[PDB]
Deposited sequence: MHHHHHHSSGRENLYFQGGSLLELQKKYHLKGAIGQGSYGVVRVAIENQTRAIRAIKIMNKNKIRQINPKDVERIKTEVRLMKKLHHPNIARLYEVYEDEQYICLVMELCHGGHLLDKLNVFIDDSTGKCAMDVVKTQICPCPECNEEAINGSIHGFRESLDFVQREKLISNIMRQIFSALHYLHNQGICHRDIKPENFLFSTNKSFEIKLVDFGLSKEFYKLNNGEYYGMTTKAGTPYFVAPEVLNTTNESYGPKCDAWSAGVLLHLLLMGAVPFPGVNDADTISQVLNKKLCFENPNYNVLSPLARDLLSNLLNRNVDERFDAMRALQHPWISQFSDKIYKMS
């Protein structure tokens, strides 16, 4: 666990450490102010001793990848600092909380339809969030059918943008799920992918999983790593289904039950329940949650699909 990082003495000179914005398995993530720029960062602190007591390879991979990636929907990793006991990762700070922190998705009992509320989250202790909170006024905003599809489509555009980029960089993510996306702020719906712990470069697959709800059947049905990045497109489809329908398509009582449903369940988007979706949403869902890998969309095809693209590629300015 050596990352060729700077010294922690340098870290404490360069950054002013503030309050926690999360806790991982190996330490906290703290807001930090870069002294010379006033940039507000997240510093992820990981205890090397606790790591060693498997995740070592995953961590080196996550760090090496996030450091080299440059995309507006992927959290940047700027700098690494370390000593014998700690790794400190200076990254882009997301103030808005997890996808499902801000988006409240549930089935409305009276109509049987999925409902969505947007929540103003109170997670970040940074100076900017502090300032806005004490000067401002607050809640839960309910979204109609049109608002929901527009917002969800926008979310999916960002997820597929990130995936297209990743796949073209030759990286399979393998853990696309709501928890791994954070909102940049409370002021917009910009999202960032913040976790690469299970990621692998294509050229290393088979060189010697994910959260069950979101894992593709071909991943579950393969002894080794003989599968492609369309596994990520499937995971994104599962995320989309949850956002649109209020529940995952394979809602097992436990992991074993979930794995069986993913493997056995042929999704039929001609079940009358999907009448609640626009024809385009229905069609995008069916093309992401296609068990036939050859036929399933990749990120590019998802991006070109009219549910995502229909307000783009215009000629005359009609606004």
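- The deposited sequence has C-alpha coordinates everywhere except the stretches 1 to 13, 67 to 69, 155 to 156, 227 to 234.
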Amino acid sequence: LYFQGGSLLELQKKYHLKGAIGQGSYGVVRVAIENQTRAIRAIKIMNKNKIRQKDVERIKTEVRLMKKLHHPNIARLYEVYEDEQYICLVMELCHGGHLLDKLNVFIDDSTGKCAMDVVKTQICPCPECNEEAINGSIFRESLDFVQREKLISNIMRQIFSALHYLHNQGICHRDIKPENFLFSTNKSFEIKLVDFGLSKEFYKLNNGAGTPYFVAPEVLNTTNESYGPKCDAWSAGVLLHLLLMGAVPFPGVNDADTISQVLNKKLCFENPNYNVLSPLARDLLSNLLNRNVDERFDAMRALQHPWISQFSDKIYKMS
From here on, numbers count along this sequence of modelled residues.
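- Of the two stretches examined, 110 to 118 and 186 to 194, the record assigns the greater average C-alpha temperature factor to 110 to 118.
- For the pair 79 to 87 and 101 to 109, the record assigns the higher mean C-alpha temperature factor to 101 to 109.
- Within the listed group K54, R30, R282, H70, the record reports its top CA B-factor for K54.
- Among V253, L288, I45, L263, the highest C-alpha B-factor in the deposited entry belongs to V253.
- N154: CA B factor in the lowest third of modelled residues in this chain (values from the PDB entry).
- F145: CA B factor lies in the highest third for its chain, per the PDB record.
- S161: CA B factor lies in the lowest third for its chain, per the PDB record.
- Looking at the C-alpha B-factors along this chain, the one for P217 belongs to the lowest third.
- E295: CA B factor lies in the highest third for its chain, per the PDB record.
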